[PDB]
Amino acid sequence: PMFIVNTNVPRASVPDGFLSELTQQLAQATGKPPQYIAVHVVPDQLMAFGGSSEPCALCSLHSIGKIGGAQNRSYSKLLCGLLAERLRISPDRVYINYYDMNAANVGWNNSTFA
Amino acid sequence: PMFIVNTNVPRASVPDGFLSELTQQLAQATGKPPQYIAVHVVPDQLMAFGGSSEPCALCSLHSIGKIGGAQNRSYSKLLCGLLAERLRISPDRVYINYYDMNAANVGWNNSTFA
Amino acid sequence: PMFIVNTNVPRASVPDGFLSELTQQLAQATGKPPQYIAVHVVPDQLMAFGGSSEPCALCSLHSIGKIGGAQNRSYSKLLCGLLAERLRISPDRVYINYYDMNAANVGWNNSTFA
Ligand SMILES: CC(C)C(=O)c1c(Cc2cccc(/N=N/c3ccc4c(S(=O)(=O)O)cc(S(=O)(=O)O)c(N)c4c3O)c2)nn2ccccc12
């Protein structure tokens, strides 16, 4: 899986250990081994949410499987929780796009997962 | 809806008011309240369009509905017009990927829209 | 087509020539003129792969068609090869997500490709 977060929160406000915590917490939520999980945080962004420049985030979670109605509700609770706790972003100023990737459409180690 | 633009145009060439203008114009174009609209602009990128470093943009628009043939034509005219007017990017050096998002695949406020 | 690479490799490690090299190599691989090929390299990113921050890359390739099982395996060997050779990223620390875009969902030149 791959999780990306883009935010107008400044880099100095991202705590030590944030990437590692996102890895572990996504491993816990998805059940996927942590070795397969990639995470990416992009602070200091020029962004707005509902016309406002208060802290917000736009995020993506891609996974081969483990995406669906109930799963996505659980990941949203988990990930909004972590953004609120660690980056002080209100959950109502977060969007997370979920992508259920076909294995044939994910490349790794010179091939794909098909 | 959420609109992202990535560009090699430098940050100092992004005029004041641009995020708010994108928000307003996208709200009107999609027929949705501006509270739903998120915008994100990423200048100073290392990018080429047709092998040229001439100003260019790579963009995304994600929406739960209001995405489709005619609608996307209209959005392209609107958004290329803005990028041309504000960032001086030629419309033929802009790509915009449109995504019609399922409500279950968009997280917000500790849950999804499903 | 568009190819984006996000990486923790520093900016000074990206060869001069790299964006042009990707443009040419992807034009050849997709069978489309280089005028249609957009490339975007984002270095110095805060990211982790498998919980470690050894050089890695998270990438996307979008195309209107020319996406599928064997074609994606081919792209993956090509792009991992370039990333290993030019940026010194191990292939088993690269993800590439592939997107087969509908023409109506790609904006360009004030309209779409439909
Ligand atoms: C120890 C290292 C080398 C390793 O074993 C790795 C592996 C092992 C590996 C190699 C090749 C294939 C592979 N698993 N592929 C798949 C393919 C499809 C899967 C699907 S599917 O598209 O619905 O069939 C569903 C699911 S599930 O999450 O719904 O069970 C999978 N786990 C799939 C899968 O793992 C797993 N992946 N990986 C990724 C990043 C980093 C390290 C590794």
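Note that we place each Cβ from the backbone using ideal geometry, even for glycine, and neighbour counts take in every protein chain shown. Nothing in this text is a laboratory measurement; each read-out follows from the coordinates by a stated rule.
A few comments on the model shown:
- 5 angstrom amide H check on B:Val94, placed H, neighbours 5+ away: B:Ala57, C:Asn109
- Rounded to the nearest Hz, the phi-derived 3J(HN,Hα) couplings of the range A:101-114 under the Karplus curve 6.51 cos²θ - 1.76 cosθ + 1.60 (θ = phi - 60°) are 7, 5, 4, 6, 10, 10, x, 6, 6, 6, 9, 10, 8, 4, where x marks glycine and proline.
- 10 Å Cβ neighbours from other chains, averaged over peptide B:50-57: 4
- Averaged over B:94-105, number of beta-carbon atoms from partner chains that fall within 10 Å: 6
- Amide H contacts of C:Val42 (H built 1.01 Å from N, in plane; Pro and chain starts excluded): C:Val5, C:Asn6, C:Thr7 sit under 5 Å, all sequence-distant by 5 or more or on other chains.
- Taking a point 7 Å out from the Cα of C:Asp16 in the direction of its Cβ, the residues of the range B:22-65 whose backbone N falls within less than 16 Å of it are B:53.
- Rounded to the nearest whole Hz, the Karplus-based 3J(HN,Hα) values (6.51 cos²θ - 1.76 cosθ + 1.60, θ = phi - 60°) of the range A:67-76 follow the sequence 10, x, x, 6, 4, 5, 4, 5, 5, 5, with x at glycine and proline.
- Value at 222 nm in deg cm²/dmol, rounded to 500, when DSSP H runs of n ≥ 4 in chain C each add -39,500 (n - 2.57): -7500 deg cm²/dmol
- Shape category assigned to the range A:22-62 from the gyration tensor of Cα positions, a/c cut at 1.5: prolate
- Angle of helix C:18-30 to the longest C-alpha principal axis of chain C, folded into 0 to 90 degrees and rounded to 10: 50°.
- Pairs from the table (A:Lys77/B:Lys32; B:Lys32/B:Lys77; B:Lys66/C:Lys32; A:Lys66/B:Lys77; A:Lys66/B:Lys32; B:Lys77/C:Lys77) lying more than 28 angstrom apart at Cα are B:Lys66/C:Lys32; A:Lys66/B:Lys77; A:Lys66/B:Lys32; B:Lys77/C:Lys77.
- Selected from A:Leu22, A:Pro43, A:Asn6, residue furthest toward positive end of dipole (chain A; charges at beta carbon): A:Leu22
- Per-residue HN-Hα couplings for the range A:54-65 [Karplus 6.51, -1.76, 1.60; θ = phi - 60°; Hz; x = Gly/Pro]: 5, x, 8, 8, 10, 9, 9, 10, 9, 8, 7, x
- According to the Kirkwood relation over distinct C-alpha pairs, the hydrodynamic radius of the protein assembly as shown is 20.0 Å.
- Test item: A:37-44 mean partner chain Cβ contacts at 10 Å: 6
- The dipole here belongs to the protein assembly as shown: it is taken about the Cα centre, uses +1 on the Cβ of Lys and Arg and -1 on the Cβ of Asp and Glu, and is about 500 debye.
- Rounded if a/c under 1.5, otherwise prolate or oblate - chain C, Cα gyration tensor axes: prolate
- Annotation: the antiparallel percentage among DSSP beta bridges lying fully within chain C is about 45.
- Dipole axis of the range A:65-114 (+1 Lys, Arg; -1 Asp, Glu on Cβ), positive-most option in A:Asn97, A:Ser76, A:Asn110: A:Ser76
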